[PDB]
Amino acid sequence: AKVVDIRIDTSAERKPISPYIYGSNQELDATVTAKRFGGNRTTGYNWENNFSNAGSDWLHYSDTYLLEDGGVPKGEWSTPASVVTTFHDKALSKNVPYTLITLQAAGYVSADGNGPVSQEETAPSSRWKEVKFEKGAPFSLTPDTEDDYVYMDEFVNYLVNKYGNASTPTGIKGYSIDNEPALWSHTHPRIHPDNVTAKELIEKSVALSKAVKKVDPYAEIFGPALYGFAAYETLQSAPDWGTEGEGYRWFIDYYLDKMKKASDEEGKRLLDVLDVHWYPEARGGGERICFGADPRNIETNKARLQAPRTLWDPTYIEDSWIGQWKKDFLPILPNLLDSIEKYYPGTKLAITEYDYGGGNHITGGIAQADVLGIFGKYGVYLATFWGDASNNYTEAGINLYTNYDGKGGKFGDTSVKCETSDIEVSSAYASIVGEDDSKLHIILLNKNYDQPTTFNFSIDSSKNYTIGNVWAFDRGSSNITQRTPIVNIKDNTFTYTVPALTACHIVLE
């Protein structure tokens, strides 16, 4: 039998878990705690008329896709910002406390919904409106659709007028500086044909942040929404990186340092949240764990289970180009957080797109639960999964934290010390509520593929626990079901054997 010791000390290493790590980009069958309006379609979205452009995703079409996909009623298609107000209204109706709205920085937004934009209609042209961050004339709630410009501060003003500012109960809390700027010239060449420079990205980020914060001083600015590691390192070989990056280990440090400098000159914080996208490059069984992975490939599934360790564990070297060539930047979350500490202390960290794959397989659910445990433990502020409602095991992984009992039961909001003797076969995360250890929550993941694992728990707490109720999912179902409670707790010790490939949430009282 495989035997693993779990040691918890409810008084030790206490740290808040940000509530907003359990979010999504799409409409999921899960209770989520943040919603992001972002990704490729948001770069060219025009709040005045709701048109947007597919870019490379579909023939550079300008059309009504976001109206249709967001479920906006036809009677509101010509109402300013109806894509965004439907998106936020839906989030509020689902009791989601954080909405993150992407603002447009690549330079232009769709003028029309008339179909493909030719290369000869690359902006500026009749097919586009130029974005300015500051109107510099009085705002209107009925923006002028006939002129040549779309104003970001006027868009924010419309939202704040409707919902209140970000400090209020219904306000939109965060705005993103566009999406994947190092891919603008690939995804949106008809808006931004040139490869983005580091200098342009800082100039725009600073200017947009200033413009937003004049309207809503409480709103959080997120950037740069980088697509993946090569953008973290060099802004995708940006044309000015050889000069701008002198003395910087990677583009992340340059971005933090320059946003801090601009904030110090301005006299207020202009970057609230360092925002990146992380689609694992980890491979197993001869393929990446996401983007077309075969769920029959057991070696891929095993690699998916271990891949979350690249986020935090210095001993884990994944099979990928990042694991091979970029060891100096792994594990990735401590590297990002260390950069924040060195170059812009107090900046938060968000993972605004990610997907570990296997979302309809038990290993996608276990990996998802592991990732959410890591985000909480290591201090990520906000995270939003990218993927649809067919990812039933990913959704179970989210609900294990946000709604394990179907009536709103949730993981605690204060992380506490919880160590496993075998980080390969298992993960375990523990939390309490506020400062109170009366209820101790434990997420316990058995990564053993084809055998049970016996866990010997030893807990140091101010309480003497007498029952552990249990909810779990497994290969039999992604529905989270209540299991027999743990009852033989002797001096805050117990033994609990869990079947192969099972994810559990234990609630001790």
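Throughout, we count residues from 1 along the sequence that is shown.
Of the two segments examined, 408-416 and 138-146, it is 138-146 that shows the higher average Cα temperature factor in the deposited entry. Looking at 45-53 and 461-469 together, the entry lists the larger mean B-factor for 461-469, computed on C-alpha atoms.
Within the group 358, 286, 387, 228, the record's highest C-alpha temperature factor is found at 286. The PDB entry assigns its highest CA temperature factor, among 167, 402, 110, 368, to 167. In this PDB entry, residue 501 carries a Cα temperature factor that places it within the middle third of its chain's modelled residues. In this PDB entry, residue 251 carries a Cα temperature factor that places it within the middle third of its chain's modelled residues. Among the modelled residues of its chain, residue 73 has a C-alpha B-factor that falls in the highest third, as given in the PDB entry. Remark: residue 155 belongs to the lowest third of its chain, ranked by C-alpha B-factor as recorded. Ranked against the other modelled residues of its chain, the C-alpha B-factor of residue 118 as given in the entry falls in the middle third.
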